[PDB]
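Scroll down for the structure; my scribbles are underneath it.
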Amino acid sequence: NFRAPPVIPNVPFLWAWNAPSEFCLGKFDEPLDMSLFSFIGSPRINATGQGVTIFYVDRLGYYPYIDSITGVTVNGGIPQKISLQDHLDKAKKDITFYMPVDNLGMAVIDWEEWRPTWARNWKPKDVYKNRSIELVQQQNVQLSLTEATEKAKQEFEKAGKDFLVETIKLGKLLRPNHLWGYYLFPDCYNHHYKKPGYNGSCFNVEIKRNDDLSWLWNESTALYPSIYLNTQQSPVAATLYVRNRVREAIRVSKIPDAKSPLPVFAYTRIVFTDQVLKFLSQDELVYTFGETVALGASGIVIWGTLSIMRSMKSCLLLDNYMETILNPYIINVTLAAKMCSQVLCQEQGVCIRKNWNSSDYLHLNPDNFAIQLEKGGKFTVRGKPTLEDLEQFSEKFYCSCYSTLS
Amino acid sequence: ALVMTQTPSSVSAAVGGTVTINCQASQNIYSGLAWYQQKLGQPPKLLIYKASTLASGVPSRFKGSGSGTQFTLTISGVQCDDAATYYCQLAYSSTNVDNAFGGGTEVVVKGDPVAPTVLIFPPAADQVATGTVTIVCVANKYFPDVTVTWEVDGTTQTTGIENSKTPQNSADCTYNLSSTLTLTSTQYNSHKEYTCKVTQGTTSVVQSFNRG
Amino acid sequence: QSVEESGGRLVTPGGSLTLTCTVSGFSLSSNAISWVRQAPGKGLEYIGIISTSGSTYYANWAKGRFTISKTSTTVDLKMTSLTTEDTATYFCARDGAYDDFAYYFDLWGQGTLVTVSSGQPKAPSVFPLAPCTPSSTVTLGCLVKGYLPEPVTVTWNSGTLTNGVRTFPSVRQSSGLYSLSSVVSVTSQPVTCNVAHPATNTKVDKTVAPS
Ligand SMILES: *[C@@H]1O[C@H](CO)[C@@H](O[C@@H]2O[C@H](CO)[C@@H](O)[C@H](O)[C@H]2NC(C)=O)[C@H](O)[C@H]1NC(C)=O
Ligand SMILES: *[C@@H]1O[C@H](CO)[C@@H](O)[C@H](O)[C@H]1NC(C)=O
Ligand SMILES: *[C@@H]1O[C@H](CO)[C@@H](O)[C@H](O)[C@H]1NC(C)=O
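Residue numbers (the entry's author numbering), protein chains in the order written: chain A, 37 to 442; chain C, 1 to 212; chain B, 1 to 132, 136 to 191, 194 to 216.
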C-alpha cells in the first residue's frame, strides 16, 4: 500500500493552522510561534491570508440553504431552483478576489447544510425532502405521495452533484497550484458509542454509501475528514472511534487513483466539541494525533473559532498550551516519523503500523532523547536513538513506498 | 548479544590493489558502521563515516559498501603510504548488550627489497662495572624481516635476546631493526670476541669485534 | 578544536583511578565524547559513550566498574577494581556531527598510559653508543635501559639535529623493566642526547664523541 508524495520537501508529515488567531500577539509581544507550521490561514472576511483560505456558506456564489434555526429560505433552498449560470460567475468574481497572485496553499469549501446523497437526511435534515416532494406536486397533480416522494430523489441528487462538481471544476482547472476540497467528506457515522458492547467499527451501510459516493473523490485533490472529540466517551471508545474514522478516510483514497493516493489532511480540533473551553491533555492527543501519524495520513490541519482567541486571557492560555503541551508533542511525533523514514526505509516514504487494532505508537523513548526550549523560544532536540528502539520499531512498524520514491 | 567479527586480522598484499577488510554482526545494523585507520604509535583516523561515505581528506580513493549484517571496506589504491591497521565500529548508541570494536585488520606491504647493513656497538665504559653488559646490533633499511643470531666467542646463547622493529617506512616500505643481548659481568670477562649475525637467506650480514 | 587526555599514571592492584579529557574550541552539549582503550599489542576496546543529553552507555564487560561524567569543559572517566588486565593506552574521541542519528568520531587525542603493577618507580640509565677507516659521516647513538613506566623521550641537540633521527619502540622484560635505543648520523660538532623521563621527572644530558 503506497502513499502520497510530500508537498513540501524535507517534510513527510505536514501541519496546517487555520484559525483567526493572527491578531493576538501571543506573550511578551512576540507575534508568532508558528515556525513548525508550513501553512497559516485566516478565515476573517476581509483578511488575505493565502496559506489556507476557506470559503464558507455565505461566500463563493449563490449556495442555497434552508436555515435550520428559525430563518428564511436563501437562494431557493434547494439545488433545483438555482440558475447554475450566475453561480459560476459570482464564483469567478470571488476566486479573482481572494487570490490575486497564484501561490501554494489549500482552499477548503465549507458547505454542509444538505448532503448530496438521498437517505442520509434523517432529522432535522428531513426538510430538504419535504420540499423535494411538494415541488413535484406543484408541477403535476396526477402522481400520489409515493410517486412524488420517489421523484423527489431525482431532483436533489442530480441537482446537488451538478452543483458541487462544477463549483470545484471552476477551481481545479483555473488556479491549480492550490489544493481544492470539500469539508467533512467522507463520513462513516459513529453515533452508537453509548450502547453496550460498543465498537466504533462503521456499520456496513455507511461504508456502502461512501463507496457509492465515488463520483466526488474523482474531483477534489485533498480530503478533509473530522476527527473531533467529545467528553461522553471512554479511552477505549475514543481510540476505536478515531481509529475507524481515519481508517475509512484512508480507504476512500484508493479509488481516484490506485498508485498515488490522495493527500489526507486530518481536520482536527484541540478543544472538546461538547465543552468548547477544555483542551485535550496529552493522553487524548495520543489517540487523536498519534493514531493519525501512525496510519499514513499526509498531515494535520487544526481549526479554531474566536471563542478561545478573542480575549487576552484566551491568548495567554493558548500561549501556555503551545509552549507546554502542543509544540513538544509536535516535535516528538514529527521527529519520530522522520527518524522512522530515514533509518528504517532510506526515505522511501512513511511507516505504517502492522496490526492497527493495537496501541502501538511513534514516540521518542524518554531514556535517550531530550526535547527542550533554549532562550528565545527556538526548540532544540538532543540525543540519538539506541539499537533496541530501532528493533522494537522494526517489529511493530513497517514501511511503504512514496508516490515518487517507489 | 551484538557480536561483530573482523576477518582477516592481517593482510599481506603487494603493490597494486588490496583486499576489502570485512565486518560481521548478529543484530541487524542498517548503516551505522564506521571504519578507522591507525598507524603504530598514533591515534586513529576516520576514513568511512557510514557504510559507504568517505570523509574529507581521504586521497586513497577508498570506497566502502554494504548493509544488512555483513559489511566491507575496499582499499582501491594501496602504496607504501597507506600502511596501518584498520577497524570497524558500530555507530549507534550501544544497546544494553554490545561489543562494538572488532578484532582489527593489518596491512603488510611487500615493496621493493633493500639490502641491510649491520652496525655493532661495543659496551662503553660505566657499563661493565655496573654489573650487566649489553651488545647492540642495528640493522638499517632492510626488507623483508630478518632473523638475529649471536656468536659469543664460539658460544651461541639462547636466553637474553631482545628485538625491536619499526613501523613501515613512508618512503620505500623499509624496515629498521634493533637487537640487544644482555649478560653478566663475569661471563663478559670470560671471553674476547663477539659476532652479531643477521640472516635473510643465502645473503647474511656479519659484524664482529674483540676486546682491546 | 582540540582533545587532550590526562591522568594516566602508575597504580597498585585493587585500587581505583580517574582519567580526564579536556577540550577547547567547542561545547559538550553539541558534540558527544567516547572513551576507548588499547592494550599493548592488541586491539581497541569500547569502554563507553556519552550522549548530548547526559545518557551514558557502557559495554556489558564494564558495567559495575566504570563511570563517565561531564563538566563545562572536561569529560572524566572513573574506574574501580583494577587488576593486571587493565594496562592500556586510553584515548578520547569527539563526534564531528556528520549524521543526525549516529555517532562518528573525527577528532582524537594522543593517549594516556595506565600501568598496573605492585612495584615502585625507577629511573633510566643512559649510555653512549659510538663505534670503534672512518669516513666523513658517522652514526652515533644513545641507549636507555631500566625504567618502569612508559614513555621516555629522547632528543638530539635541543631538537635542532632533527635530520636522520631513528627512534625505536620499547620492550618489556621478564623483570618488569623496559629498554630503548636511539641513533642519528652526523657529518664529521659532537652530538648531545637529551633524555627526559616525566614520571620520575629527570632530565639527563649526554655528550657523545667518536673514539
Ligand atoms: C513523546 O511522547 C510520548 C507519548 O506522549 C511520551 O511517552 C509517554 O511518556 C509519559 C511520560 O512519562 C509516560 O507516562 C507514558 O507511559 C509514555 N508512553 C505513552 C503515553 O504511550 C514520550 O515520553 C515523549 N518523548 C519525550 C522525549 O518526552
Ligand atoms: C416534514 O418535516 C417535519 C419536521 O421538520 C417532519 O415531521 C415531517 O415528517 C416531514 N414530512 C415528511 C413527509 O416526512
Ligand atoms: C462490532 O459492532 C457490530 C455490532 O453490531 C458487529 O460488527 C460486531 O458484533 C462488533 N464486534 C465486536 C463486538 O467485536
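C-beta atoms are modelled at their ideal positions from N, C-alpha and C, and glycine is treated no differently.
Extent of the continuous beta strand (DSSP E) run through residue i
i	result
B/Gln194	It is not in any beta strand (DSSP E) - B/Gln194 carries neither H nor E in the DSSP assignment.
A/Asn280	Premise fails: A/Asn280 lies in the alpha helix (DSSP H), 271 to 287, not in any beta strand (DSSP E).
C/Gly66	63 to 67
B/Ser16	16 to 24
B/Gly48	44 to 50
B/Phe127	125 to 129
B/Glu5	2 to 6
Alpha-carbon spacing of residue i relative to residue j, whole angstroms
i	j	result
B/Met79	A/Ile76	55 angstroms
A/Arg281	A/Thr416	34 angstroms
A/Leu210	A/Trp216	11 angstroms
B/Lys208	B/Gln38	29 angstroms
B/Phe26	C/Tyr194	60 angstroms
C/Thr174	B/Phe127	27 angstroms
C/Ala91	B/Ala123	43 angstroms
B/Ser182	C/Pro113	29 angstroms
A/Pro45	B/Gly96	26 angstroms
A/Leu124	A/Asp94	15 angstroms
C/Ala139	B/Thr71	50 angstroms
A/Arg245	A/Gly107	31 angstroms
C/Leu54	C/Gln200	40 angstroms
A/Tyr303	C/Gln89	46 angstroms
B/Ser177	B/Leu44	25 angstroms
A/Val88	A/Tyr134	11 angstroms
A/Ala83	A/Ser334	27 angstroms
C/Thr166	C/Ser178	9 angstroms
A/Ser347	A/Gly62	11 angstroms
C/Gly103	C/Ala51	18 angstroms
Bounding residues of the alpha helix (DSSP H) (the contiguous stretch that carries residue i)
i	result
C/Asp81	No alpha helix (DSSP H) holds C/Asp81; DSSP gives it neither H nor E.
A/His227	Run containing A/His227: none; DSSP gives neither H nor E here.
A/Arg245	240 to 248
A/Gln384	No alpha helix (DSSP H) contains A/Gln384, which DSSP labels as neither H nor E.
A/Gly196	193 to 208
A/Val369	363 to 375
A/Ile169	163 to 175
A/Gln178	A/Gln178 -> no alpha helix (DSSP H), and no H or E assigned at all.
residue 468 of chain A	Only positions 37 to 442 of chain A appear in this structure, which leaves residue 468 of chain A out of reach.
Own chain partners of residue i with C-beta closer than 6 angstroms, once the 5 adjacent residues on each side are dropped
i	result
A/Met70	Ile76
C/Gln70	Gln24
B/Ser24	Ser2
B/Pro152	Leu10, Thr115, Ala204
B/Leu77	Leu19, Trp35, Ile68
B/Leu129	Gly144, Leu146
A/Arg80	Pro56
Own chain residues within Cβ distance below 7 angstroms of residue i, not counting five before or after
i	result
C/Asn99	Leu2, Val3, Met4
A/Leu321	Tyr365
A/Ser436	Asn37, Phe38, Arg39, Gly385, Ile388
A/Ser350	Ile344
A/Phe308	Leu265, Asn266, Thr267, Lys314
A/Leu140	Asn213
A/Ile361	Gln318
Same chain, Cβ closer than 8 angstroms to residue i, neighbours up to 5 away in sequence not counted
i	result
A/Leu426	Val379, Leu380
B/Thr165	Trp159
A/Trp251	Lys197, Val201
A/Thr257	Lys208, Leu215, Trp216, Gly217, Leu298, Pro299
Any non-hydrogen atom of ligand 4 closer than 8 angstroms to residue i Cβ
i	result
A/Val163	What this structure holds is ligand 1, ligand 2 and ligand 3, not ligand 4.
*asked:* Can you tell me which residues fall inside 6 angstroms of ligand 1, judged by beta-carbon distance to its nearest heavy atom, and keep chain order?
replied: Any residue whose Cβ sits closer than 6 angstroms to a heavy atom of ligand 1 makes the list: A/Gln318, A/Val322, A/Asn368, A/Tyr397, A/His399, A/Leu400, A/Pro402, A/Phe405, A/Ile407.
*Could you tell me which uninterrupted beta strand (DSSP E) segments, each at least 3 residues in length, are contained entirely in the segment 148 to 190 of chain C, listed from first to last along the chain?*
Correct list: 161 to 165, 175 to 184.
*Mind listing, in chain order, the residues whose beta carbon lies closer than 5 angstroms to a non-hydrogen atom of ligand 3?*
Residues flagged by the Cβ proximity filter: A/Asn235, A/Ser237.
*Fully enclosed by the segment 52 to 137 of chain A, which beta strand (DSSP E) runs are 3 residues long or longer?*
The segment 52 to 137 of chain A contains these whole beta strand (DSSP E) runs: 75 to 77.
*Which whole runs of the beta strand (DSSP E) in the segment 78 to 122 of chain C are 3 residues long or more, in chain order?*
Fully enclosed beta strand (DSSP E) runs of 3 or longer: 85 to 90, 105 to 108, 118 to 121.
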